[PDB]
Amino acid sequence: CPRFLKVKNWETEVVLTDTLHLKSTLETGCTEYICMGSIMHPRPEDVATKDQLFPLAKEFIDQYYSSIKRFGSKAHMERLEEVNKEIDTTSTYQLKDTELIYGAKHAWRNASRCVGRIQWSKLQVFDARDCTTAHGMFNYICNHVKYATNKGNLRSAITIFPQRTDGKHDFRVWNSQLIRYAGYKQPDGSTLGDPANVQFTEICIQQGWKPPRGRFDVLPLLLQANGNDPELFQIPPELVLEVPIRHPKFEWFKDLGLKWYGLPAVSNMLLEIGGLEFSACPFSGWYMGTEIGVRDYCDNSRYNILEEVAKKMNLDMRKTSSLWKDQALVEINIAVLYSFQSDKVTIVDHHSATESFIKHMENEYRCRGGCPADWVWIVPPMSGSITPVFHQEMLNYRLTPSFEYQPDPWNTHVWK
Amino acid sequence: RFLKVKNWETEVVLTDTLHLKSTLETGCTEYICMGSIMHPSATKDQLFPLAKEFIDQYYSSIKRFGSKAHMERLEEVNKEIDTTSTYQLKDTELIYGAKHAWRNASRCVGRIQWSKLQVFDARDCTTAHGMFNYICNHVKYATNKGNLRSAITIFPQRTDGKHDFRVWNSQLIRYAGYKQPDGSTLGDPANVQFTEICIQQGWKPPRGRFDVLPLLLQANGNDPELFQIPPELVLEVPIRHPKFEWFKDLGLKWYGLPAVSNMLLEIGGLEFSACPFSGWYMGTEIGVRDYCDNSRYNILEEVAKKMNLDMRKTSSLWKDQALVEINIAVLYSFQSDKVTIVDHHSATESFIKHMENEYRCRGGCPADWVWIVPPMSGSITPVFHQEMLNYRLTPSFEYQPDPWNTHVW
Ligand code: HEM
Ligand code: HEM
Ligand SMILES: Cc1cc(N)nc(CCc2cc(CCCN(C)C)c(F)c(F)c2F)c1
Ligand SMILES: Cc1cc(N)nc(CCc2cc(CCCN(C)C)c(F)c(F)c2F)c1
Ligand SMILES: C[C@H](O)[C@H](O)[C@H]1CNc2nc(N)[nH]c(=O)c2N1
Ligand SMILES: C[C@H](O)[C@H](O)[C@H]1CNc2nc(N)[nH]c(=O)c2N1
Ligand SMILES: [Zn+2]
């Protein structure tokens, strides 16, 4: 591999030079002969061995002491030595609070699929490594939700539960996101609520949940501590800020009865710091409008409202070339942004977000030597080429610390 | 290893085996993906294997692999490669190689049509006057009074690199662009430089907003020569809108024939540096990129002005609203004039069907998601949800240098 890789912006002619890729740590899925850039996802007891762990820890500790301008210092060498002994005698080690915060912020900084990374240094890290029970997980998660929501002035935050040990004692949030709406399959094949969540809803019901069977039912939390069977908790509904969707011009848009929650909070990913694996690490930011207006509402296998919206707009739906779908899509996203702003809930439109990401990427090239980015995810799902990231060449590679996918827990859990 | 691709909307899973047959590199590595990079980075010795591989798959495609005709064709080609440092393709081979270059073009959403390609053999051309005649015939055939027909015209192959045939125009039909004294740009800003090369070469510019550029044609490595396409061959569509009466007053028009003329066609190790090819438009090519790119005609501000939209904040989505209207106007206008055009919903739907066909009959379909997904309304087209594997099969279309950067005058 060469030391210097160039990327061009085809709209502005700006060229940037990447050296950070020399620190990439593992596989994209691509090869010399095949590109897997559009592929979404390219044993329990299989935990890191002592010989695997030493280099991953040293690499992270080295990186940490470089960041605080103490590389090679006495504190750096003593931390290296203490980590070595801890791995040598316990087969693992514990991060200092400073290292945990640094590692979590850098996993976000390194997330090539995230357009919101200009905020990466401003992340509230909640250390929940003392947690031992699912009730305690629930407490921790409620405090996160209340802190992050902040009455509509949203604040990015992560909560980190105890790391994996032998793989039989994992902490997991079984929910894929902290706040999601239930989905219910009817005997006639139709779905009520969010069709994407039918499987997880059936698990919850089997576990004891009494479903209201409405269109927008907040799912309960399903929380697994120390490898035990997961337990159900209802999030207090006063902690779940929601927005009813209305339109600045179409009086009838409120009659659709749409709403959405304020807080996007991912809870199914794994945080990897210095070889350590944090299998429960819920993190949250705030929404870009297209996540709701295009994907949640207009994906065919989600709420799928395009038809009903186009009918109330009195569009010609007989041909595709009238672009009735595109017309209705824009009006739906106008209503989502207008609703969040009217209720003073943080939200960013896709123009502002992508423009901020270009500024962030240019600063990272200048100050850090690069910025890994997944164009397929960064470009928004509508109006792609009228945002600046469409025209921006990007390089994608995997730096650590990192957020990683992990198996769904109901597939791997051994029931007690 | 076999590779699976999933559609996340339909849950359809396809199995790719065809990638095991590629050799040309993608630019990616195990550590770095270059999927969004637009331009990632012969002799008798290297020529015979490529030639052999191509003849091999040709006779394989006609169910006569290892036949007598096939063996003696390989002898014929080897005999020719050492005694002349090259070889010539049979007509049947040229046609098959051109069709499969289109079939293998990862970035083209239009490939369901790949086997209906009219192939014009111009390998006997020797002068730029001949190139002009061949190109006029192509334009007339492909335009067909608005019932557009896919076509390619193939000029003589590269020999020593000093006698290249080149069409200096990036496309056969483009509008000129002019740098203005105050600093603005009239016409198409992407062609300001190419327009200057034409003006410098003697072209008398009308200095309008939609001036059809002349052909700049280079034969056998000589200086390029200017030619005017007879205007009755250049089909244009005035853009108007089904609802907005004022849209016609924007003065917008476009041409009906998209024809790429700056690419290189590689077949069996031979390099055809002049090979203009043409299809019909997807509406977004004009209404999104040509009209609404900030570096192109850049008309969003004007349209949203006539639409009386609030343009003070981004979150009004005034740009997205005006964008959809412009693209409605394009589709309505071509359709009203009976000029072939495909909307991005129909085009992407056909491409999924084409993917299904290719996995069934061929074991795969190389596809560049970055280029296949349309530049507007991405996730409400089915390709957004389709995983695609990208890999480089030959015969292929490739990029080549701009002629004004290599030419010794
Ligand atoms: C602060 C405001 C934020 C904004 C506006 C934002 C924006 C986005 C968007 C629009 C996506 C695409 C989501 C999808 O298509 O499903 C995304 C993905 C992602 N974000 Fe951010 N994000 C923010 C905060 C955060 C934070 C705080 C973290 C971690 C600490 C984070 C890590 C990620 C990751 C790992 C992904 C990829 C998720 C996946 O692969 O499914 N983001 N972000
Ligand atoms: C017949 C109807 C066709 C349609 C609707 C169609 C559609 C498209 C579109 C929308 C693009 C993207 C262009 C851009 O963004 O600049 C494209 C690219 C391309 N097309 Fe097709 N196309 C058609 C015919 C053809 C033909 C006849 C050929 C060759 C014989 C061909 C070869 C290619 C190639 C090589 C590219 C990539 C160009 C590049 O890399 O810049 N296409 N096509
Ligand atoms: C920190 C953060 C900020 C932000 N702005 N957004 C997200 C993403 C949240 C999210 C993502 C999805 C996608 C599911 C997986 N995809 C691949 C199908 C949802 F469904 C969902 F409800 C949901 F809240 C996370
Ligand atoms: C066979 C074919 C069918 C189709 N439907 N479309 C095309 C593309 C043609 C084209 C492409 C561009 C893009 C220029 C290069 N890009 C990277 C900036 C033009 F500008 C242009 F005028 C133009 F006709 C080709
Ligand atoms: C097949 C394709 O990779 C898939 O549909 C991707 C495309 N880009 C995306 N981009 C974002 N931000 N989120 C997604 O879920 C997807 N889905
Ligand atoms: C940087 C990026 O590769 C570039 O802007 C691409 C993105 N996708 C595209 N897709 C098509 N069809 N045409 C293009 O010109 C581009 N441009
Ligand atoms: Zn790749």
Side-chain angles (χ1 to χ4, degrees), chain A residues 10-11 36-42 113-115 288 290-291 294-295 299 350 374-381 384-385 391, chain B residues 5-9 35 38-39 98-114 116-119 142 148-154 169-175 188 190-191 254-265 275-286 288-290 293 295-296 340-344 346-348 350-351 368-375 378-379 381-388 395-399:
Chain A
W10 286 89
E11 167 180 53
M36 302 201 181
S38 60
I39 300 302
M40 189 166 329
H41 309 280
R113 290 180 166 176
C114 176
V115 71
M288 185 168 75
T290 53
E291 295 181 75
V294 186
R295 304 303 310 285
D299 277 7
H350 49 287
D374 189 342
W375 192 102
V376 171
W377 272 64
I378 297 291
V379 173
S385 78
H391 306 273
Chain B
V5 282
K6 176 172 176 171
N7 188 294
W8 287 89
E9 172 192 12
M38 191 176 302
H39 305 274
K99 289 183 176 178
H100 278 69
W102 186 10
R103 192 189 192 174
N104 296 333
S106 300
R107 297 180 164 178
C108 172
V109 72
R111 287 176 276 168
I112 200 174
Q113 290 284 330
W114 72 269
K116 317 259 86 179
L117 181 64
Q118 181 61 33
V119 177
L148 312 196
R149 297 184 291 206
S150 289
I152 187 174
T153 300
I154 301 176
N169 311 62
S170 55
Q171 296 74 25
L172 294 189
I173 302 187
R174 292 292 302 264
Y175 293 124
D188 196 331
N191 297 141
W254 207 253
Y255 45 95
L257 187 69
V260 167
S261 44
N262 60 7
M263 286 192 78
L264 188 146
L265 166 62
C275 59
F277 58 84
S278 67
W280 50 83
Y281 266 119
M282 188 163 74
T284 50
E285 293 181 81
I286 301 160
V288 180
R289 308 290 320 274
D290 296 327
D293 271 12
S295 66
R296 297 296 302 287
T340 307
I341 193 171
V342 67
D343 71 76
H344 52 286
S346 165
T348 51
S350 296
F351 186 75
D368 185 346
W369 192 101
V370 171
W371 275 64
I372 291 302
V373 171
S379 61
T381 73
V383 291
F384 181 92
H385 305 276
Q386 179 68 52
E387 297 179 340
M388 297 169 196
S396 73
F397 289 112
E398 304 283 351
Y399 300 122

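Just so it is clear: chains get the letters A, B, ... in the order the sequence lines come, proteins before strands, and each one is counted from 1. For ligands, and for the atoms within them, numbers begin at 1 and follow the listed sequence.
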*About how many Å separate CG of B:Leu117 and CZ of B:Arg103, when rounded to the nearest 0.5 Å?*
13.0 Å

*Apply side chain to side chain contact (heavy atoms under 4.5 Å, CB included) to the pair B:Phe351 and B:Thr381, showing each step before the final yes or no.*
CA-CA 11 Å; B:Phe351 186 75; B:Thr381 73; over 6 Å; no

_Could you check whether any side-chain heavy atom of B:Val109 comes within less than 4.5 Å of a side-chain heavy atom of B:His344, counting everything from C-beta outward?_
no

*For atom 1 (C) of ligand 2, what's the nearest protein heavy atom and its distance?*
B:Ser150 OG, 3.1 Å

*Do me a favour and list the nearest non-hydrogen protein atom to atom 38 (C) of ligand 2 with residue, atom name and distance?*
B:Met263 SD, 4.0 Å

*Do the ring centers of B:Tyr175 and B:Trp254 come within less than 6.0 Å of each other?*
yes

*Check whether the side chains of B:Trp369 and B:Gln386 place a donor and an acceptor atom closer than 3.5 Å, and report yes or no.*
no

*At what distance is the nearest protein heavy atom to atom 13 (C) of ligand 2, and which residue and atom is it?*
B:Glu285 OE1, 3.7 Å

*For atom 21 (Fe) of ligand 2, check which protein N, O or S atoms are under 2.8 Å away and list them.*
B:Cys108 SG

*Taking all heavy atoms of B:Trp280 and all of B:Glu285, pick out the closest pair and write down the distance.*
O-OE2, 4.5 Å

*Can you check side chain to side chain contact (heavy atoms under 4.5 Å, CB included) on B:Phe397 and B:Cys275, steps first, answer last?*
CA-CA 10 Å; B:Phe397 289 112; B:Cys275 59; 4.2 Å; yes

*B:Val370 vs A:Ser38 side-chain heavy atoms within contact, under 4.5 Å*: no

_On a heavy-atom basis, which atom in A:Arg113 and which in A:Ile39 lie closest, and how many Å separate them?_
NH2-O, 3.3 Å

*In ligand 2, which numbered atoms sit nearer than 4.0 Å to a non-hydrogen atom of B:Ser278?*
27 (C)

*Please state which protein non-hydrogen atom is closest to atom 29 (C) of ligand 2 and give its distance, to 0.1 Å?*
B:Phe277 CD1, 3.3 Å

*asked:* If I compare all heavy atoms of A:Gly37 with all of A:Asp374, which pair ends up nearest, and what's the gap?
replied: O-OD1, 4.1 Å

_For atom 5 (C) of ligand 2, the option (of B:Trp114, B:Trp371, B:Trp280, B:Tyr399) bearing the nearest heavy atom_ = B:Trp280

May I have every N or O pair linking ligand 4 to the protein at under 3.5 Å, one per line with atom names and distance?
residue  : atom  : partner  : partner atom : Å
ligand 4 : 5 (N) : B:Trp280 : O            : 2.7
ligand 4 : 5 (N) : B:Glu285 : OE2          : 2.6
ligand 4 : 6 (N) : B:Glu285 : OE1          : 2.6
ligand 4 : 6 (N) : B:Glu285 : OE2          : 3.3

_Contact check, side chains of B:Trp102 and B:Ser150, non-hydrogen atoms, under 4.5 Å_ = yes

*Side chains of B:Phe384 and A:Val294: closer than 4.5 Å at any heavy-atom pair?*
no

*Any side-chain heavy atom of B:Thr284 within less than 4.5 Å of one from B:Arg289?*
no

*Just heavy atoms, cut-off under 4.0 Å: does B:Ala347 contact ligand 2 by side chain, backbone, both, or neither?*
neither

_Run the side chain to side chain contact (heavy atoms under 4.5 Å, CB included) test against B:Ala151 and tell me which residues pass, sequence neighbours left out._
B:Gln118, B:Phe120, B:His138, B:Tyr141, B:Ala142, B:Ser278

*Below 4.0 Å from any atom of ligand 5, which residues have a heavy atom? Give them in chain and number order, please.*
A:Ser38, A:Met40, A:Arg295, A:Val376, A:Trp377, B:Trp369, B:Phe384, B:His385, B:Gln386, B:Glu387

*Side-chain heavy atoms of B:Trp371 within contact of B:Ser106, under 4.5 Å*: no

_Passing candidate, side chain to side chain contact (heavy atoms under 4.5 Å, CB included) with B:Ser261, options B:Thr153, B:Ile173, B:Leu172_ = B:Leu172

